[PDB]
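Chains as they are written, first to last, in the authors' numbering: chain A, 825 to 1067; chain B, 7 to 264, 269 to 380, 393 to 411; chain C, 52 to 74, 83 to 120; chain D, 858 to 903; chain E, 107 to 130; chain F, 1116 to 1150; chain G, 43 to 109, 116 to 144; chain H, 1 to 54; chain I, 492 to 540. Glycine is no exception: its CB is placed at the ideal position from the N, C-alpha and C atoms. One structure is given below, encoded as structure tokens.
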Amino acid sequence: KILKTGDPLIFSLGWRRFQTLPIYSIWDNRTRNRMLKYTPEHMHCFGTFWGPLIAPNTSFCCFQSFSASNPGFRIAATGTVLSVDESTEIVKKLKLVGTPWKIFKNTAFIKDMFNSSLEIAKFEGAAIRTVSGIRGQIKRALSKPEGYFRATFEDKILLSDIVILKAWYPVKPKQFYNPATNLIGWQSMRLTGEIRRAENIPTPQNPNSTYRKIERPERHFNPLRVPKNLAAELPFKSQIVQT
Amino acid sequence: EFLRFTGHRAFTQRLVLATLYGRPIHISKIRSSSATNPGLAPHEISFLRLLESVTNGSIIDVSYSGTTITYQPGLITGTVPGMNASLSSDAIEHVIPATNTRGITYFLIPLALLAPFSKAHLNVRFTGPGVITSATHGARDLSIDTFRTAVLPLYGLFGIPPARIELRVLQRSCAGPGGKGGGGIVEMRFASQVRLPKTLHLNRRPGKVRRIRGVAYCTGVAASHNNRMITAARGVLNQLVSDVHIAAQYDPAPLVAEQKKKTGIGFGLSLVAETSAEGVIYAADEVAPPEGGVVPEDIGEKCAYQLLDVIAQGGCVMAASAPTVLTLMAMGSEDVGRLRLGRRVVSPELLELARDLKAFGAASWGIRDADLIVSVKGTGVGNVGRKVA
Amino acid sequence: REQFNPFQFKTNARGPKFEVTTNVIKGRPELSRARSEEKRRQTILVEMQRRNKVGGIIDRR
Amino acid sequence: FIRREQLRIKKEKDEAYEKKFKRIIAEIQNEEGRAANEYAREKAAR
Amino acid sequence: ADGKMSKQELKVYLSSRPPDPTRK
Amino acid sequence: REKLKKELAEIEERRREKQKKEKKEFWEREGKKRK
Amino acid sequence: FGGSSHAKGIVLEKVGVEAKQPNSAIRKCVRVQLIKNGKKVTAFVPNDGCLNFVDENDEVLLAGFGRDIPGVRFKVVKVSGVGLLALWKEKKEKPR
Amino acid sequence: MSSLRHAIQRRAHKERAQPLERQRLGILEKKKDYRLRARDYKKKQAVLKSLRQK
Amino acid sequence: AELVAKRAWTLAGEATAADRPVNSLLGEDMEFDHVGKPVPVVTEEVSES
RNA sequence: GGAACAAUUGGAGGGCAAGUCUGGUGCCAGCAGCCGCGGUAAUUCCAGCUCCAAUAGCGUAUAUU
RNA sequence: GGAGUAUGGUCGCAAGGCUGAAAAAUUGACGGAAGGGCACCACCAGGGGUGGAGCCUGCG
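Put into structure tokens, the structure is as follows:
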């Protein structure tokens, strides 16, 4: 199995053994320390947990439980320690989504993103971006329906599209600390999946996030449409001949 | 909270060792005798301010009395743009308030010894009203040049390269109105961190002291004065040594907020003597009395005599830098550090450092003759955080 | 100087909508926005630096 | 205020970044190419 | 007066850089 | 046709590189002969 | 170098740890200190993933590198006595 | 190189699809669709332009 | 209970104006890019320079 | 009866996102990319992409010849 | 090998404080009286806003 961030995890590092929940991040392209949701299979990543401190460049190993009844391979993970600090700088992505209300040529209103003009004028000048890849900017809150706003774009966006704002929101791990004192007897935290089967809870699954097989109908466009006065005033050699 | 201390002596030393150990401590009875101004001193509280600034994750509380404090050390990190500051090369600001009498070096030497044990660099910028740069009469605090060329070569001995050791002044200053005042700004870029410094063996005799250099500073007065100081000091020393060489430097004035006002007027002189053997250096300083107006020739004679006394007295390292080099040798690796000290050079301060290290729990010092060879056993901790790539 | 560079400040051009007798600069955009920017420095620039800083000096006196 | 601050900070940060890496690659390429040239000349005499 | 040292001794002494120990 | 044309671009690049190799080898050998 | 076909060396510092482009060679470079002559050089690892495995002060076997930074002549082949390519295919673990 | 990459490296990303509570408004335009729109619109505006030229 | 609990909106990927409460954005403290240059506030120093 | 009674080693190539990074007189370009909104008993994806070589042996370094 | 072009690193100078914040004029400085030309920021004929109450962007 691969292993989810926030899940319990028992670490063998230094003399101690201790059960914690880690926070997995990558170092985006050495920029911003982005919190993963799963550990990258066959790839190194950065974890961050809360417990005993060790001088760096120390090896360690790692497990999900000490069950003899594990069918196979009770060890799970390994690596070295990189660094220690207080209050790491973890970030996770946040997508603030609207949907266009009307669409003029460039400037598009966008409605279902905000709950107040206050929130908007905080996000004044906001770097907004439709899915299709048109960039753009949020410029003023729109007044009459509270929570709609004005944005200026790079072409004609479409009512089909979804307006997304990219933002970066910090996370901090939790400060749980189990010293997995085996001999005295001790409480291990359980994993989310067996938790769900125990408390009889289905795993959350989104119709909107499960991948789908898209039909692309082959786009054609309308023919060129040229105005009355233009076909009037132009010179003979290039006038349009229509029957 | 867990370890406890008493009194007000070696405040910075106890503090910086608590930082270096992560031992949460609690000190009581700073100024119990003084009913006038009990509790903290302002340089101390600015010192606590600076410590909290430079570090991260540390917790410090001071009593309603102000006379008992308790401190949970976090980590030595340095000029970090995530938490502390804006950029990598961003400099962290520090003001110290106007009612400071004590020394910049009295701020520096704890900072100087702690900072090679950070994760990233150090970019301190001392401004404020109470930024004196000169020596104090005071607790006879050091001056900037003395501090620089007197203790930083020792970090060069310890393994920390002066190539990336960086201290520069922009304005210098004396006391001015009483001991309080200041005005000279300084900034320091400790750009060299190490895993563990080199455990050192200063045991050979520093017999032939080769030369003497030094620096006369004058802040607000004519350069004729420091010229006269060179004349006075060379009149003292030329019966001993040919190569005595003292640069002179004049600063117009520092100006301080009240509208601004000129302060920091005075002058003083630093003497360093250089032994042919290895990096063995003997320093002293003398500063004019902040309201006195005594003759700069007498100051030259006095500083000369002080240098000669440390020549007579010091085995290899002088008493002023003794706590530094001892603490670094302590924070050196789990081996023997072998220093050659002199018998007169021992101070109650050095003994207090011994006592408080023993309270901290690192290993001890063995003392045999040769002057006295002291040896320490390093606790080999070093810096705690470092992005080992 | 302050007079003949009047744009150091704002006033209405009209004069008073009602004369009332009992015993004109209307505020300065430049000093106002200057003072404010100093405050926005000393608070939000400082915090935006100290995004993730834990612990502090608990001074009670 | 955050816009002016972010602009100043971002510009300065990446400017210093590209300066640092330019110097680094200059150092490494110069050293490695110098040594390569010397070893080539040394083998070339043989 | 003979206190005037040298440009080189000036550069090693009064500059921002502290003088290293391991040089002659 | 597009696959072949891109590949011809690659092979022409190879030709230009080997041409530059031969050219600087020629002028290196010749320059010492003209010194 | 020398007369040998391989060299053992010591990882100083993965210079180019602050990299922006993943597969750039200044990401993939690392300064090593070849032991016998005690000399600092720099070498390339073939892949960024393997750069993630390699850490400091590990003995490194390296050899010639022959076919955006031409001039680095060496390439690292084994670290702590284990084949980098076998780690990279996830065949063996690395002794620490 | 191409032989220095895993097969799971070589694996693909799939594009997301329109939220099923919103199929009313036609497809979810992504970069393929966008550029095909702007291809045609640049062309037809350039033809209008050359006409006003004449 | 928290792990088995529904994620907060701040950590669910999208946060729609139907999902989250009203003033939650002002309450927060986040980061974003921008696009463009804002105008220079003509202040004392601009004028006197 | 292939999901097995479990072929390997090199080389070259093509396809990709509500992802990232960098450059600029808007949509372009570049490098790149296991990292994507959700989700781990969930996914069933290029469904096992294509081609060249050797094949129970082959690769690479250096010396070379 | 030669010639250019860049690029970075090295080195030397610039880098020693009678000092401590707030003129030129044979040609210039400043008026004054008369006379002209102009202008819905002048005169003259009118016109028309705002300013009264409500709404609110903006600015202070």
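Requested in this report: Count the other C-beta atoms from every protein chain shown that fall within 10 angstroms of the C-beta of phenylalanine 53 (chain B), then say buried if there are 16 or more, exposed otherwise.
Outcome: By the 10 Å Cβ count, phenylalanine 53 (chain B) comes out buried.
Requested in this report: Can you pull the chain C residues whose beta carbon is under 7 Å from the beta carbon of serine 92 (chain B), in chain order?
Outcome: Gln108, listed in chain order.
Query raised in the report: DSSP beta-bridge partners for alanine 283 (chain B)?
Result: Paired residue(s): B:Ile218 and B:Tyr292.
Requested in this report: Could you check if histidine 866 (chain A) is buried or exposed, using at least 16 other CB atoms within 10 Å of its CB as the buried criterion?
Outcome: Result: exposed.
Query - For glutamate 539 (chain I) and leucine 982 (chain A), the rounded distance between their alpha carbons - result: Straight-line measurement puts the Cα of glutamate 539 (chain I) at about 48 Å from the Cα of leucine 982 (chain A).
Requested in this report: In the DSSP assignment, find the beta strand (DSSP E) that holds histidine 32 (chain B) and state where it starts and stops.
Outcome: Per DSSP, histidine 32 (chain B) belongs to the beta strand (DSSP E) from 31 to 34.
Query - Residues of the stretch 1 to 19 of chain H with Cβ closer than 7 Å to any Cβ of chain G, in chain order - result: Listed by position along the chain: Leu4.
Query raised in the report: Within 8 Å (strictly less), CB to CB, does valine 60 (chain B) reach chain A?
Result: Judged by the 8 Å Cβ criterion, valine 60 (chain B) is not in contact with chain A.
Query raised in the report: Can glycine 45 (chain B) and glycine 88 (chain B) be called in contact, C-beta distance under 8 Å?
Result: Cβ distance not < 8 Å, so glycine 45 (chain B) and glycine 88 (chain B) don't count as in contact.
**Report entry** Beta-ladder partner(s) of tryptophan 992 (chain A), from DSSP
**Finding:** According to DSSP, which records beta bridges pairwise, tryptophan 992 (chain A) is partnered with A:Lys917 and I:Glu522.
Query raised in the report: Can you give the beta carbon distance from residue 115 (chain G) to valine 53 (chain G), rounded, assuming they're within the 8 Å contact cut?
Result: Note on chain G: numbering goes from 109 to 116 directly, and residue 115 (chain G) within that interval has no coordinates.
Query - Where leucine 9 (chain B) sits in the DSSP three-state scheme - result: In this structure, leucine 9 (chain B) counts as strand in the three-state DSSP scheme.
**Report entry** Contact list for residue 265 (chain B) against chain C, beta-carbon separation under 9 Å
**Finding:** Structure remark: chain B lacks residues between 264 and 269, so residue 265 (chain B) is without coordinates.
**Report entry** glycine 1017 (chain A), DSSP secondary structure in three states
**Finding:** Reduced to three states, the DSSP call for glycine 1017 (chain A) is helix.
Query - Interface residues of chain A facing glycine 63 (chain B) [CB-CB closer than 9 Å] - result: Simply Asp909, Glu910 and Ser911.
**Report entry** Endpoints, the beta strand (DSSP E) within which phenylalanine 43 (chain G) is located
**Finding:** Boundaries for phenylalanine 43 (chain G): no beta strand (DSSP E) harbours it, and the DSSP string shows neither H nor E there.
Requested in this report: Report the option in H:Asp33, H:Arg5 and H:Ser3 whose CA atom is closest to the CA atom of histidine 1044 (chain A).
Outcome: Among H:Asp33, H:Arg5 and H:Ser3, the Cα nearest to that of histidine 1044 (chain A) is on H:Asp33.
Query - Chain-order list of residues whose beta-carbon lies under 7 Å from that of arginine 154 (chain B) (same chain, five-residue window excluded) - result: Hits under 7 Å: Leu173.
Query - C-alpha gap between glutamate 58 (chain B) and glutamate 872 (chain D), whole angstroms - result: In a straight line, the C-alpha of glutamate 58 (chain B) is about 30 Å away from that of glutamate 872 (chain D).
Query raised in the report: When we look at the beta-carbon of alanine 332 (chain B) and count the other beta-carbons within 10 Å, is it buried (16 or more) or exposed?
Result: Classification of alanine 332 (chain B): buried, given that the 10 Å Cβ count is 16 or more.
Report task. With DSSP as the reference, please indicate the residues paired to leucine 25 (chain H) in a beta bridge. Result -> DSSP output for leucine 25 (chain H) lists no bridge partner at all.
Query raised in the report: From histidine 231 (chain B) to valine 282 (chain B), what does the alpha carbon distance come to, in whole angstroms?
Result: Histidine 231 (chain B) and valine 282 (chain B) have their alpha carbons spaced roughly 20 Å apart.
Requested in this report: Identify, in the order they occur along the chain, each residue of the same chain with its Cβ nearer than 8 Å to the Cβ of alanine 991 (chain A), setting aside the five sequence neighbours on each side.
Outcome: Exclusion of the five residues before and after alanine 991 (chain A) leaves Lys917, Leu918, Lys919 and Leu920 as the residues of its chain whose Cβ lies within less than 8 Å of its Cβ.
Query raised in the report: In whole angstroms, what separates the C-alpha of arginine 858 (chain A) from that of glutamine 9 (chain H)?
Result: Taking C-alpha positions only, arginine 858 (chain A) is separated from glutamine 9 (chain H) by approximately 20 Å.
Query raised in the report: Name the residues in the stretch 66 to 87 of chain B whose C-beta lies less than 7 Å from a C-beta of chain C; which are they?
Result: Residues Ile66, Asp67, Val68, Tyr70, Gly72 and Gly80.
Query raised in the report: Near residue 265 (chain B), which residues of its chain fall below 6 Å by C-beta distance, leaving aside the five closest residues on each side in sequence?
Result: What the structure lacks is residue 265 (chain B): chain B is numbered 264, then 269, with the residues between left out.
**Report entry** Segment limits, alpha helix (DSSP H) that includes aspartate 67 (chain B)
**Finding:** Per DSSP, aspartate 67 (chain B) is not a residue of any alpha helix (DSSP H); the beta strand (DSSP E) it occupies stretches across 65 to 68.
Query raised in the report: Run through DSSP, which three-state label would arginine 841 (chain A) get?
Result: The answer is strand: DSSP assigns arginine 841 (chain A) an E or B state.
Requested in this report: Using three-state DSSP, classify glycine 960 (chain A) as helix, strand or coil.
Outcome: Reduced to three states, the DSSP call for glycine 960 (chain A) is strand.
**Report entry** Between the CA atoms of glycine 182 (chain B) and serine 34 (chain B) - distance to the nearest angstrom
**Finding:** Distance between the alpha carbons of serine 34 (chain B) and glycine 182 (chain B): 33 Å.
Query raised in the report: If you measure beta-carbon to beta-carbon, which residues of the stretch 80 to 97 of chain G are closer than 8 Å to chain A?
Result: Shown in chain order are the members of the stretch 80 to 97 of chain G whose Cβ falls below 8 Å from a Cβ of chain A: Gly91, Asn94, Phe95 and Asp97.
Query raised in the report: Does any residue of chain D bring its CB to less than 8 Å from the CB of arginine 94 (chain C)?
Result: Cβ-Cβ to chain D under 8 Å: no for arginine 94 (chain C).
Query raised in the report: Grouping DSSP H, G and I as helix and E and B as strand, with all else coil, what is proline 122 (chain B)?
Result: In this structure, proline 122 (chain B) counts as helix in the three-state DSSP scheme.
Query raised in the report: Which residues in chain I sit within 8 Å of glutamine 863 (chain D), going by Cβ to Cβ distance?
Result: For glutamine 863 (chain D), the C-beta contacts it makes with chain I under 8 Å involve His525, in order along the chain.
Report task. State the beta-bridge partners of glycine 347 (chain B) as determined by DSSP. Result -> BP columns for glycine 347 (chain B) point to B:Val398.
Query raised in the report: Is the stretch 234 to 245 of chain B in contact with the stretch 206 to 225 of chain B, if contact means three or more CB pairs nearer than 8 Å?
Result: The stretch 234 to 245 of chain B vs the stretch 206 to 225 of chain B: in contact.
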